[PDB]
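A quick write-up on the structure given underneath.
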Amino acid sequence: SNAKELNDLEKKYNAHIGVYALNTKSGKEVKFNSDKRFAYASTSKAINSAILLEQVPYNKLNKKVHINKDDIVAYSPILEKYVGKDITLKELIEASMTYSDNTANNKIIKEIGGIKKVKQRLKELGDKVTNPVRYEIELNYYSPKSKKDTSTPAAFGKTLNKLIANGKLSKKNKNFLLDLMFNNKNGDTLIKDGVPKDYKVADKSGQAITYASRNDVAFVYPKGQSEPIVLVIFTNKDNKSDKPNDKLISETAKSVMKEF
């Protein structure tokens with residue numbers, strides 16, 4: 001059974017696994033520690049991007065945003081080149097999703113209206129679990145004794161479905177975002193490495209600083225099926241300093257996909 005496989009994986013990798021998968025066509029679900037809290041780290045870049053794309057039409061993503069020296073936070077491989085320059089909303093979302101640029105995500109949250117506006121949107125979506133508190137990079141300071149910047153697999157996956165796969169995005173904005181997730185430069189070792197050949201994966205990965213917190217969320221499209229399987233995989237380990245093994249997420253994805 002899938003539960004036995006995931007239990008063996010927890011032991012093989014000495015790690016904790018949280019899984020929620022929903023086949024949006026059939027309604028079938030796979031759940032494993034799906035109500036346990038994990039740090040979501042950069043997987044939240046998918047949420048913040050979608051919220052911004054709900055309120056800015058595609059042809060208005062040319063709006064310019066000025067980048068100052070002090071805006072740059074750690075792991076901003078794109079935005080560190082824009083100090084003293086302007087960047088468009090389109091280029092912020094591209095940097096955030098394609099390269100996991102942290103400054104880009106911060107500017108996107110600001111454009112949305114800040115952390116409080118994100119929380120208001122989550123409540124409207126019926127997500128009373130996902131708990132944004134800090135910006136990059138402090139949101140990656142995960143502690144098991146704290147709920148800051150955590151979610152559960154089930155809550156995060158239901159929110160991904162409601163915002164993107166079955167949300168209210170325009171045709172152009174939805175195709176723009178999903179293509180970024182199909183084509184991103186950070187996900188090849190995770191869900192994409194684990195799914196069988198005839199699936200197409202649009203993912204966003206995450207890694208927090210502590211407790212080997214390693215995540216991937218995705219919309220997984222079976223060949224010939226336009227409705228995705230929403231897949232959320234959160235993992236961590238017991239010690240603060242441990243380093244993640246991406247193969248855990250790949251093998252988890254391979255196991256979960258046997259259910260669909």
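By convention in this document, the chains of the structure tokens carry letters A, B, ... by their order, each chain's residues are numbered from 1, and ligands are numbered from 1 in the order they are shown.
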I'd like the neighbourhood of residue 166 in chain A as a PyMOL selection string, where a residue qualifies if any of its atoms comes within 12 Å (using only C-alpha atoms), though same-chain residues fewer than 6 positions away should be ignored. chain A and resi 24-25+50+125+157-160+174+219+226-230
Which residues are near range 192-204 of chain A? Cut-off 9 Å, only C-alpha atoms, ignore same chain within fewer than 6 positions. Put them as number ranges by chain. A: 42-46, 97-98, 100, 178-184, 186, 215-223, 231, 247, 249-257
Quick check for you: according to DSSP on this backbone, which residues of range 98-215 of chain A are classed as alpha helix (DSSP H)? Reply as a PyMOL selection string. chain A and resi 98-99+102-112+115-124+153-160+171-183+191-194
Quick one: residues within 12 Å of residue 71 in chain A, only C-alpha atoms, excluding same-chain residues fewer than 5 positions away - as a ChimeraX atom specification? /A:65-66,76,79-85,102-107,110,135-137
Write out as a list in words each polymer residue whose atoms come within 10 Å of residue 32 in chain A, counting only C-alpha atoms; drop sequence neighbours fewer than 3 positions from it. residues 2, 3, 6, 7, 17, 18, 19, 20, 21, 35, 36, 153, 154, 233 and 256 of chain A
Export, as a PDB file, in the first residue's frame, the selected residues with N, CA and C atoms.
ATOM      1  N   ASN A   2       0.287   2.360  -0.431  1.00  0.00           N
ATOM      2  CA  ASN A   2       1.024   3.617  -0.459  1.00  0.00           C
ATOM      3  C   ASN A   2       1.475   4.024   0.942  1.00  0.00           C
ATOM      4  N   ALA A   3       0.613   3.851   1.948  1.00  0.00           N
ATOM      5  CA  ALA A   3       0.992   4.210   3.312  1.00  0.00           C
ATOM      6  C   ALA A   3       2.200   3.405   3.793  1.00  0.00           C
ATOM      7  N   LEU A   6       5.275   4.818   2.067  1.00  0.00           N
ATOM      8  CA  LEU A   6       5.696   6.101   2.626  1.00  0.00           C
ATOM      9  C   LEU A   6       6.271   5.930   4.019  1.00  0.00           C
ATOM     10  N   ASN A   7       5.762   4.964   4.789  1.00  0.00           N
ATOM     11  CA  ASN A   7       6.374   4.672   6.082  1.00  0.00           C
ATOM     12  C   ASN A   7       7.791   4.144   5.909  1.00  0.00           C
ATOM     13  N   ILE A  17       7.527  12.843   6.291  1.00  0.00           N
ATOM     14  CA  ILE A  17       6.901  13.096   4.990  1.00  0.00           C
ATOM     15  C   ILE A  17       5.457  13.544   5.198  1.00  0.00           C
ATOM     16  N   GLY A  18       5.070  14.627   4.523  1.00  0.00           N
ATOM     17  CA  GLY A  18       3.681  15.050   4.464  1.00  0.00           C
ATOM     18  C   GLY A  18       3.257  15.101   3.011  1.00  0.00           C
ATOM     19  N   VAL A  19       2.142  14.447   2.676  1.00  0.00           N
ATOM     20  CA  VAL A  19       1.671  14.337   1.299  1.00  0.00           C
ATOM     21  C   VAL A  19       0.195  14.686   1.254  1.00  0.00           C
ATOM     22  N   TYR A  20      -0.182  15.515   0.285  1.00  0.00           N
ATOM     23  CA  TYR A  20      -1.577  15.604  -0.132  1.00  0.00           C
ATOM     24  C   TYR A  20      -1.610  15.603  -1.652  1.00  0.00           C
ATOM     25  N   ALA A  21      -2.403  14.715  -2.238  1.00  0.00           N
ATOM     26  CA  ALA A  21      -2.583  14.715  -3.680  1.00  0.00           C
ATOM     27  C   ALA A  21      -4.069  14.663  -3.980  1.00  0.00           C
ATOM     28  N   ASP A  35      -2.247  16.662   7.724  1.00  0.00           N
ATOM     29  CA  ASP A  35      -2.621  17.743   8.628  1.00  0.00           C
ATOM     30  C   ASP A  35      -1.478  18.133   9.570  1.00  0.00           C
ATOM     31  N   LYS A  36      -0.252  17.727   9.258  1.00  0.00           N
ATOM     32  CA  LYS A  36       0.931  18.075  10.037  1.00  0.00           C
ATOM     33  C   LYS A  36       1.594  19.302   9.430  1.00  0.00           C
ATOM     34  N   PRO A 153       0.143  19.927   4.315  1.00  0.00           N
ATOM     35  CA  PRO A 153      -0.004  19.540   2.899  1.00  0.00           C
ATOM     36  C   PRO A 153      -1.422  19.732   2.378  1.00  0.00           C
ATOM     37  N   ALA A 154      -2.436  19.318   3.152  1.00  0.00           N
ATOM     38  CA  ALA A 154      -3.817  19.413   2.683  1.00  0.00           C
ATOM     39  C   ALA A 154      -4.255  20.861   2.517  1.00  0.00           C
ATOM     40  N   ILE A 233       4.215  17.844  -1.489  1.00  0.00           N
ATOM     41  CA  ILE A 233       5.124  16.988  -0.729  1.00  0.00           C
ATOM     42  C   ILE A 233       5.975  17.919   0.136  1.00  0.00           C
ATOM     43  N   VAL A 256       3.328   7.948  -4.781  1.00  0.00           N
ATOM     44  CA  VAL A 256       1.993   8.539  -4.785  1.00  0.00           C
ATOM     45  C   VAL A 256       1.334   8.364  -6.148  1.00  0.00           C
TER      46      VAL A 256
END
Which residue, A:93, A:9, A:109, A:39, has the smallest gap to residue 214 in chain A when you use only C-alpha atoms? A:39
Work out how far apart CA of residue 101 in chain A and CA of residue 55 in chain A are and give it in Å to one decimal. 21.4 Å
Which of these residues is nearest to residue 89 in chain A, using only C-alpha atoms: A:237, A:121, A:185, A:63?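 Of A:237, A:121, A:185, A:63, the one nearest residue 89 in chain A, counting only C-alpha atoms, is A:63.
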Hey, what's within 8 Å of residue 172 in chain A if we count only C-alpha atoms and toss same-chain stuff fewer than 3 positions away? As a PyMOL selection string, please? chain A and resi 58+175-176
Would you save the residues of that selection, restricted to N, CA and C atoms, as a PDB file, in the first residue's frame?
ATOM      1  N   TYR A  58      -2.821  40.586 -17.847  1.00  0.00           N
ATOM      2  CA  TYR A  58      -1.558  40.255 -18.503  1.00  0.00           C
ATOM      3  C   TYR A  58      -0.941  41.477 -19.183  1.00  0.00           C
ATOM      4  N   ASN A 175      -1.855  30.640 -18.327  1.00  0.00           N
ATOM      5  CA  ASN A 175      -0.841  30.017 -19.172  1.00  0.00           C
ATOM      6  C   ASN A 175       0.549  30.578 -18.890  1.00  0.00           C
ATOM      7  N   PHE A 176       0.644  31.883 -18.605  1.00  0.00           N
ATOM      8  CA  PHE A 176       1.934  32.484 -18.241  1.00  0.00           C
ATOM      9  C   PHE A 176       2.523  31.832 -16.989  1.00  0.00           C
TER      10      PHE A 176
END
Which residues come within 7 Å of residue 15 in chain A, counting only C-alpha atoms, excluding same-chain residues fewer than 4 positions away, as a count of residues only? 5
Separation of CA of residue 188 in chain A from CA of residue 212 in chain A in Å: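 CA of residue 188 in chain A lies 18.2 Å from CA of residue 212 in chain A.
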